[PDB]
$ cat work_39.cif   # mmCIF, C-alpha atoms and all ligand atoms
data_coords
#
loop_
_atom_site.label_atom_id
_atom_site.label_comp_id
_atom_site.auth_asym_id
_atom_site.auth_seq_id
_atom_site.Cartn_x
_atom_site.Cartn_y
_atom_site.Cartn_z
CA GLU P 32 -1.35 -7.35 18.89
CA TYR P 33 -1.31 -5.21 15.66
CA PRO P 34 1.14 -2.37 16.20
CA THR P 35 -0.41 1.11 16.79
CA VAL P 36 1.40 4.46 17.04
CA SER P 37 1.73 3.42 20.82
CA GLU P 38 4.35 0.71 20.19
CA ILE P 39 6.20 2.67 17.44
CA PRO P 40 8.61 5.52 18.12
CA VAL P 41 9.07 8.23 15.49
CA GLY P 42 11.72 6.96 13.00
CA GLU P 43 11.04 3.29 13.85
CA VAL P 44 9.31 0.37 12.15
CA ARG P 45 7.51 -2.68 13.43
CA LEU P 46 6.84 -5.83 11.45
CA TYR P 47 3.71 -7.89 11.82
CA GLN P 48 3.47 -11.46 10.52
CA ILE P 49 -0.02 -11.76 8.93
CA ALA P 50 0.49 -15.26 7.46
CA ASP P 51 3.22 -17.59 6.37
CA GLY P 52 5.82 -15.52 4.40
CA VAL P 53 3.66 -12.35 4.61
CA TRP P 54 4.16 -9.43 6.93
CA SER P 55 2.99 -5.92 7.16
CA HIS P 56 5.46 -3.15 7.93
CA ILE P 57 4.22 -0.34 10.17
CA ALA P 58 5.80 3.17 10.38
CA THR P 59 4.65 6.62 11.62
CA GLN P 60 4.93 10.09 10.36
CA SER P 61 3.99 13.40 11.97
CA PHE P 62 1.70 15.49 9.82
CA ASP P 63 0.04 18.78 10.80
CA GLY P 64 0.57 18.12 14.49
CA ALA P 65 -0.94 14.62 14.46
CA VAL P 66 0.82 11.27 14.27
CA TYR P 67 -0.54 8.78 11.72
CA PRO P 68 0.71 5.18 11.03
CA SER P 69 1.20 3.66 7.67
CA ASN P 70 1.37 0.13 6.38
CA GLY P 71 3.15 -1.66 3.67
CA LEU P 72 3.68 -5.33 2.86
CA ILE P 73 6.51 -7.82 2.82
CA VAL P 74 6.13 -11.06 0.84
CA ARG P 75 8.60 -13.94 0.80
CA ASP P 76 9.71 -14.73 -2.82
CA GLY P 77 11.66 -18.00 -2.28
CA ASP P 78 14.86 -16.94 -0.55
CA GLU P 79 14.31 -13.23 -1.08
CA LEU P 80 11.62 -10.67 -0.17
CA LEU P 81 9.36 -8.46 -2.20
CA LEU P 82 8.52 -5.16 -0.43
CA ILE P 83 5.26 -3.36 -1.15
CA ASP P 84 5.61 0.41 -0.43
CA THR P 85 8.24 2.36 1.43
CA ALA P 86 7.88 3.22 5.09
CA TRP P 87 7.01 6.84 4.36
CA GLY P 88 10.34 8.57 3.91
CA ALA P 89 14.08 7.92 3.86
CA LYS P 90 14.69 7.54 7.59
CA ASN P 91 11.77 5.25 8.16
CA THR P 92 12.77 3.23 5.06
CA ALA P 93 16.36 2.75 6.31
CA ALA P 94 14.82 1.55 9.63
CA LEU P 95 12.56 -0.76 7.72
CA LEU P 96 15.50 -2.43 5.89
CA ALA P 97 17.44 -2.76 9.22
CA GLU P 98 14.36 -4.29 10.89
CA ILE P 99 13.87 -6.72 8.04
CA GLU P 100 17.66 -7.52 8.22
CA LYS P 101 17.42 -8.12 11.92
CA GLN P 102 14.13 -9.97 12.07
CA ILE P 103 13.72 -11.96 8.82
CA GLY P 104 17.27 -12.00 7.50
CA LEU P 105 16.47 -12.40 3.80
CA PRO P 106 17.40 -9.87 1.19
CA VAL P 107 14.88 -7.40 -0.28
CA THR P 108 15.33 -7.71 -3.97
CA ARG P 109 12.36 -5.80 -5.36
CA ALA P 110 9.89 -3.23 -4.19
CA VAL P 111 6.67 -1.98 -5.67
CA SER P 112 5.08 1.38 -4.85
CA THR P 113 1.30 1.30 -5.07
CA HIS P 114 0.86 4.98 -6.05
CA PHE P 115 2.79 8.18 -6.41
CA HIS P 116 2.43 9.79 -3.00
CA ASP P 117 5.20 10.09 -0.42
CA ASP P 118 4.06 7.38 1.87
CA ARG P 119 4.57 5.01 -0.99
CA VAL P 120 7.60 6.31 -2.91
CA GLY P 121 9.33 8.33 -0.19
CA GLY P 122 12.34 6.17 0.62
CA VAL P 123 12.79 4.84 -2.90
CA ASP P 124 16.25 6.34 -3.13
CA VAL P 125 17.19 4.47 0.10
CA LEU P 126 15.93 1.18 -1.29
CA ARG P 127 17.76 1.86 -4.58
CA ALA P 128 21.01 2.50 -2.69
CA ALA P 129 20.59 -0.77 -0.83
CA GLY P 130 20.40 -2.62 -4.19
CA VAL P 131 16.62 -3.04 -4.23
CA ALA P 132 15.01 -2.93 -7.69
CA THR P 133 12.16 -0.35 -7.36
CA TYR P 134 9.02 -0.71 -9.52
CA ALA P 135 5.82 1.21 -10.23
CA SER P 136 3.35 1.63 -13.11
CA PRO P 137 4.16 4.18 -15.79
CA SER P 138 1.14 6.06 -14.53
CA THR P 139 2.61 6.25 -11.01
CA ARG P 140 6.09 7.14 -12.35
CA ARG P 141 4.61 9.96 -14.47
CA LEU P 142 2.61 11.32 -11.56
CA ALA P 143 5.58 11.06 -9.13
CA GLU P 144 7.68 12.98 -11.65
CA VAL P 145 4.95 15.71 -12.01
CA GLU P 146 4.80 15.90 -8.21
CA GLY P 147 8.61 16.13 -7.72
CA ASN P 148 8.55 12.93 -5.68
CA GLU P 149 10.98 10.03 -5.78
CA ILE P 150 10.58 7.90 -8.94
CA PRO P 151 10.85 4.13 -8.83
CA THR P 152 13.29 2.88 -11.43
CA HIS P 153 11.44 0.03 -13.14
CA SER P 154 8.11 0.15 -15.00
CA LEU P 155 5.22 -2.22 -14.42
CA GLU P 156 3.59 -2.86 -17.78
CA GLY P 157 0.04 -4.05 -18.34
CA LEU P 158 -1.79 -2.13 -15.61
CA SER P 159 -3.04 0.90 -17.53
CA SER P 160 -6.70 -0.11 -17.96
CA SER P 161 -9.22 -0.60 -15.07
CA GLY P 162 -9.34 -4.23 -14.11
CA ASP P 163 -5.86 -5.09 -15.40
CA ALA P 164 -3.96 -7.68 -13.29
CA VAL P 165 -0.40 -8.88 -13.70
CA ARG P 166 1.63 -11.39 -11.83
CA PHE P 167 4.69 -10.21 -9.92
CA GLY P 168 6.51 -13.11 -8.31
CA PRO P 169 4.50 -14.15 -5.19
CA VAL P 170 1.79 -11.56 -5.80
CA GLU P 171 -0.75 -10.33 -8.24
CA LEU P 172 -0.82 -6.60 -8.96
CA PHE P 173 -4.24 -5.14 -9.82
CA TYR P 174 -5.29 -1.81 -11.17
CA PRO P 175 -8.94 -1.36 -10.05
CA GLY P 176 -9.35 2.04 -11.61
CA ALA P 177 -9.05 5.49 -10.14
CA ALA P 178 -9.89 5.84 -6.40
CA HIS P 179 -7.54 7.42 -3.82
CA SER P 180 -5.41 8.31 -6.80
CA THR P 181 -5.68 7.69 -10.50
CA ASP P 182 -2.81 5.31 -10.41
CA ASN P 183 -3.51 3.27 -7.26
CA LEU P 184 -2.66 -0.44 -7.29
CA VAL P 185 -3.76 -3.18 -5.03
CA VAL P 186 -1.70 -6.23 -4.21
CA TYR P 187 -2.95 -9.83 -3.59
CA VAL P 188 -0.81 -12.68 -2.16
CA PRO P 189 -2.62 -15.76 -3.57
CA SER P 190 -0.83 -18.21 -1.25
CA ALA P 191 -2.01 -16.46 1.91
CA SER P 192 -5.31 -14.82 0.58
CA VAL P 193 -3.90 -11.45 1.75
CA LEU P 194 -5.21 -8.41 -0.07
CA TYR P 195 -3.23 -5.23 0.38
CA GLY P 196 -5.56 -2.39 -0.51
CA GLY P 197 -3.06 0.44 0.03
CA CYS P 198 -4.65 3.91 0.28
CA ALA P 199 -7.71 2.97 -1.82
CA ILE P 200 -8.94 0.99 1.26
CA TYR P 201 -9.71 2.64 4.60
CA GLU P 202 -9.43 1.01 8.02
CA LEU P 203 -12.72 0.78 9.96
CA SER P 204 -11.63 3.44 12.40
CA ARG P 205 -11.48 5.99 9.60
CA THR P 206 -14.91 7.31 9.38
CA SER P 207 -14.20 10.42 7.18
CA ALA P 208 -12.27 10.85 3.95
CA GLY P 209 -8.57 11.49 4.39
CA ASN P 210 -6.40 13.08 1.74
CA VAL P 211 -8.56 13.19 -1.36
CA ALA P 212 -6.86 15.98 -3.28
CA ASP P 213 -5.80 13.54 -6.01
CA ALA P 214 -8.76 11.18 -5.69
CA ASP P 215 -11.42 10.36 -8.25
CA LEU P 216 -14.42 10.33 -5.97
CA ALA P 217 -16.84 9.62 -8.87
CA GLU P 218 -14.93 6.39 -9.75
CA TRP P 219 -13.75 5.27 -6.35
CA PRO P 220 -16.81 3.08 -5.56
CA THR P 221 -16.71 1.48 -8.98
CA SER P 222 -13.02 0.68 -8.45
CA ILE P 223 -13.72 -0.86 -5.12
CA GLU P 224 -16.38 -3.07 -6.74
CA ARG P 225 -13.69 -4.20 -9.26
CA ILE P 226 -11.57 -5.26 -6.24
CA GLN P 227 -14.57 -7.00 -4.73
CA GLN P 228 -15.32 -8.86 -7.99
CA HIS P 229 -11.71 -9.89 -8.44
CA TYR P 230 -10.68 -11.05 -4.99
CA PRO P 231 -13.86 -12.26 -3.32
CA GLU P 232 -11.85 -14.94 -1.58
CA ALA P 233 -9.47 -12.66 0.27
CA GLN P 234 -9.22 -13.47 4.02
CA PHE P 235 -7.02 -10.61 5.24
CA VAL P 236 -7.46 -6.99 3.98
CA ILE P 237 -4.69 -4.60 4.85
CA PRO P 238 -5.49 -0.89 4.47
CA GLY P 239 -2.87 1.70 3.66
CA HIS P 240 -3.22 3.04 7.20
CA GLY P 241 -4.29 1.24 10.30
CA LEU P 242 -5.86 -1.99 11.35
CA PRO P 243 -6.19 -5.02 9.11
CA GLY P 244 -9.61 -6.66 8.62
CA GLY P 245 -11.59 -8.57 6.07
CA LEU P 246 -13.43 -7.69 3.01
CA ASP P 247 -15.81 -5.51 5.07
CA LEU P 248 -13.13 -2.83 4.63
CA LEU P 249 -14.15 -2.45 0.96
CA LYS P 250 -17.75 -1.73 1.81
CA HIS P 251 -16.62 0.44 4.70
CA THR P 252 -14.48 2.47 2.32
CA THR P 253 -17.40 2.77 -0.15
CA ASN P 254 -19.57 4.08 2.65
CA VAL P 255 -17.03 6.72 3.66
CA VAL P 256 -16.35 7.81 0.09
CA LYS P 257 -20.05 8.21 -0.70
CA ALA P 258 -20.65 10.20 2.52
CA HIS P 259 -17.81 12.45 1.49
CA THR P 260 -19.15 12.76 -2.04
CA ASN P 261 -22.46 13.92 -0.53
CA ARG P 262 -20.98 16.56 1.81
CA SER P 263 -23.25 19.70 1.63
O1 LIG P 301 -5.29 9.04 3.06
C1 LIG P 301 -4.06 8.81 2.93
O2 LIG P 301 -3.75 7.78 2.26
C2 LIG P 301 -3.09 9.58 3.52
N1 LIG P 301 -1.79 9.27 3.41
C3 LIG P 301 -0.87 10.05 4.01
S1 LIG P 301 -1.67 11.21 4.84
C4 LIG P 301 -3.26 10.65 4.34
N2 LIG P 301 -4.44 11.19 4.68
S2 LIG P 301 -4.55 12.56 5.60
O3 LIG P 301 -3.96 12.21 6.99
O4 LIG P 301 -6.04 12.83 5.72
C5 LIG P 301 -3.87 14.17 4.88
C6 LIG P 301 -2.76 14.27 4.02
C7 LIG P 301 -2.34 15.52 3.52
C8 LIG P 301 -3.02 16.69 3.89
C9 LIG P 301 -4.12 16.61 4.74
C10 LIG P 301 -4.54 15.36 5.23
ZN ZN P 302 -1.85 8.65 -1.27
ZN ZN P 303 -1.73 7.35 2.40
#

$ encode --input "work_39.cif" --output "structure tokens"
Amino acid sequence: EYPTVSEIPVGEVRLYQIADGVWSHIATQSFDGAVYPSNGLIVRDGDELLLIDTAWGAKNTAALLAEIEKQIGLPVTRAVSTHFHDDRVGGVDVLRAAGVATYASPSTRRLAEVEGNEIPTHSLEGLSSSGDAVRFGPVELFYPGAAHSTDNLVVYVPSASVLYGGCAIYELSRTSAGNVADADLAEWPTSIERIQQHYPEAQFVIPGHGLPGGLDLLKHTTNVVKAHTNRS
């Protein structure tokens, strides 16, 4: 029942209730002739919603807000982007125009600026050193260290034991490294072990792309990263 590219037209978004007051959002983008899904998170914050990551671009993100509006019917007041790439900040300007307060670390804002990407308005302090965690409403934000990108954050919903790994965590189906241009391969496994150490109780692990699972996604990702590191 988890939505795949199958159930999702180009320019459309599906929501998936993972737990009470926690959903993933699923969108698709065409890239180099293939079609790849992407996940973000939606977390109920009393009578409002906290959004984790855009739906990979302005059109998808306007569909996401319409689909939230239609299916949950609570306002999105804040959004956090988990790193600087376009599947995470692309659509920020849409969210901003809808009155959503957009947030990212200074590290992510700096990198999004160097990249010419959209730049979330608000700064998330206290995440600059590996292993930093800060509370953000119904979630904890964690900086595990450099992995998929130097700035990548992970998100934990303590009430539902939902860990959103973002692009630092691969789905089981992904058996080779994806985009690693901005990755720190030497630190990625160490950063994953920081996630392991910090959230050993997590019950649902949502990767940046694809199928949810459990904490076996962290080891899976370690395996894939090391295999890549050892390419000859
Ligand atoms: O890993 C990711 O988080 C990722 N996010 C968007 S795309 C991609 N991975 S990707 O398909 O392998 C790629 C991107 C850009 C250029 C080539 C390949
Ligand atoms: Zn990325
Ligand atoms: Zn990605």

$ residues_near_ligand --input "work_39.cif" --ligand "ligand ZN 302 (chain P)" --cutoff "9 Å" --atoms "only C-alpha atoms and all ligand atoms" --output "count of residues only"
18

$ closest_residue --input "work_39.cif" --among "P:64, P:42, P:88, P:147" --to "residue P:120" --atoms "only C-alpha atoms"
P:88

$ closest_residue --input "work_39.cif" --among "P:65, P:184, P:191, P:112" --to "residue P:152" --atoms "all atoms listed in the file"
P:112

$ atom_distance --input "work_39.cif" --atom1 "atom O2 of ligand LIG 301 (chain P)" --atom2 "atom CA of residue P:216"
13.7 Å

$ atom_distance --input "work_39.cif" --atom1 "atom CA of residue P:234" --atom2 "atom CA of residue P:110"
23.2 Å

$ axis_aligned_box --input "work_39.cif" --around "ligand LIG 301 (chain P)" --padding-each-side "3 Å" --output "lines of an AutoDock Vina configuration file"
center_x = -3.5
center_y = 12.2
center_z = 4.6
size_x = 11.2
size_y = 14.9
size_z = 10.7

$ residues_near_point --input "work_39.cif" --point "(13.1, 7.2, 3.6)" --cutoff "6 Å" --atoms "all atoms listed in the file" --output "PyMOL selection string"
chain P and resi 88-92+121-122

$ residues_around --input "work_39.cif" --residues "residue P:202" --least-positions-apart "5" --cutoff "9 Å" --atoms "all atoms listed in the file" --output "ChimeraX atom specification"
/P:237-244,248,251-252

$ closest_residue --input "work_39.cif" --among "P:72, P:66, P:81, P:57" --to "ligand LIG 301 (chain P)" --atoms "only C-alpha atoms and all ligand atoms"
P:66

$ atom_distance --input "work_39.cif" --atom1 "atom CA of residue P:193" --atom2 "atom CA of residue P:54"
9.8 Å

$ build_atoms --input "work_39.cif" --residues "stretch 118-149 of chain P" --atoms "N, CA and C atoms" --output "tab-separated table (two decimals), in the coordinates of the input"
chain	number	residue	atom	x	y	z
P	118	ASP	N	4.09	8.55	1.01
P	118	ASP	CA	4.06	7.38	1.87
P	118	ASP	C	4.24	6.05	1.15
P	119	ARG	N	4.36	6.16	-0.17
P	119	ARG	CA	4.57	5.01	-0.99
P	119	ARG	C	5.85	5.01	-1.77
P	120	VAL	N	6.32	6.18	-2.20
P	120	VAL	CA	7.60	6.31	-2.91
P	120	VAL	C	8.67	7.02	-2.10
P	121	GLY	N	8.33	7.61	-0.97
P	121	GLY	CA	9.33	8.33	-0.19
P	121	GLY	C	10.16	7.31	0.57
P	122	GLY	N	11.44	7.27	0.23
P	122	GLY	CA	12.34	6.17	0.62
P	122	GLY	C	12.83	5.32	-0.53
P	123	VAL	N	12.32	5.55	-1.74
P	123	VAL	CA	12.79	4.84	-2.90
P	123	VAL	C	14.27	4.95	-3.10
P	124	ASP	N	14.84	6.13	-2.87
P	124	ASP	CA	16.25	6.34	-3.13
P	124	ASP	C	17.08	5.50	-2.14
P	125	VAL	N	16.56	5.31	-0.93
P	125	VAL	CA	17.19	4.47	0.10
P	125	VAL	C	17.23	3.00	-0.36
P	126	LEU	N	16.06	2.51	-0.75
P	126	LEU	CA	15.93	1.18	-1.29
P	126	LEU	C	16.87	1.00	-2.49
P	127	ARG	N	16.86	1.91	-3.44
P	127	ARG	CA	17.76	1.86	-4.58
P	127	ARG	C	19.23	1.73	-4.17
P	128	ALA	N	19.64	2.54	-3.22
P	128	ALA	CA	21.01	2.50	-2.69
P	128	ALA	C	21.35	1.22	-1.98
P	129	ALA	N	20.37	0.53	-1.44
P	129	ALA	CA	20.59	-0.77	-0.83
P	129	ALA	C	20.56	-1.94	-1.84
P	130	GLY	N	20.46	-1.63	-3.13
P	130	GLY	CA	20.40	-2.62	-4.19
P	130	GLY	C	19.03	-3.25	-4.43
P	131	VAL	N	17.98	-2.58	-3.98
P	131	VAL	CA	16.62	-3.04	-4.23
P	131	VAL	C	16.15	-2.48	-5.57
P	132	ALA	N	15.51	-3.33	-6.36
P	132	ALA	CA	15.01	-2.93	-7.69
P	132	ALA	C	13.62	-2.33	-7.41
P	133	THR	N	13.40	-1.08	-7.71
P	133	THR	CA	12.16	-0.35	-7.36
P	133	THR	C	11.26	-0.27	-8.59
P	134	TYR	N	9.95	-0.56	-8.41
P	134	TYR	CA	9.02	-0.71	-9.52
P	134	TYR	C	7.77	0.10	-9.27
P	135	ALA	N	7.17	0.66	-10.32
P	135	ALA	CA	5.82	1.21	-10.23
P	135	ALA	C	5.24	1.24	-11.68
P	136	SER	N	3.93	1.45	-11.81
P	136	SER	CA	3.35	1.63	-13.11
P	136	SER	C	3.88	2.85	-13.78
P	137	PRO	N	3.80	2.92	-15.14
P	137	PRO	CA	4.16	4.18	-15.79
P	137	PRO	C	3.27	5.32	-15.30
P	138	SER	N	2.03	5.02	-15.00
P	138	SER	CA	1.14	6.06	-14.53
P	138	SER	C	1.67	6.65	-13.22
P	139	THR	N	2.06	5.78	-12.28
P	139	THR	CA	2.61	6.25	-11.01
P	139	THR	C	3.94	6.97	-11.24
P	140	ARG	N	4.78	6.47	-12.11
P	140	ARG	CA	6.09	7.14	-12.35
P	140	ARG	C	5.87	8.53	-12.94
P	141	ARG	N	4.93	8.67	-13.87
P	141	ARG	CA	4.61	9.96	-14.47
P	141	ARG	C	4.12	10.90	-13.42
P	142	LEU	N	3.17	10.45	-12.62
P	142	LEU	CA	2.61	11.32	-11.56
P	142	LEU	C	3.64	11.69	-10.49
P	143	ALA	N	4.55	10.78	-10.14
P	143	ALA	CA	5.58	11.06	-9.13
P	143	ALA	C	6.56	12.11	-9.68
P	144	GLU	N	6.93	11.96	-10.94
P	144	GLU	CA	7.68	12.98	-11.65
P	144	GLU	C	6.94	14.34	-11.66
P	145	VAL	N	5.66	14.42	-12.05
P	145	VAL	CA	4.95	15.71	-12.01
P	145	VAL	C	4.93	16.30	-10.59
P	146	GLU	N	4.88	15.44	-9.58
P	146	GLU	CA	4.80	15.90	-8.21
P	146	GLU	C	6.16	16.26	-7.62
P	147	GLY	N	7.25	15.96	-8.29
P	147	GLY	CA	8.61	16.13	-7.72
P	147	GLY	C	8.98	15.10	-6.66
P	148	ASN	N	8.23	13.99	-6.59
P	148	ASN	CA	8.55	12.93	-5.68
P	148	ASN	C	9.58	11.97	-6.25
P	149	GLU	N	10.03	11.06	-5.39
P	149	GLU	CA	10.98	10.03	-5.78
P	149	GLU	C	10.29	9.12	-6.79
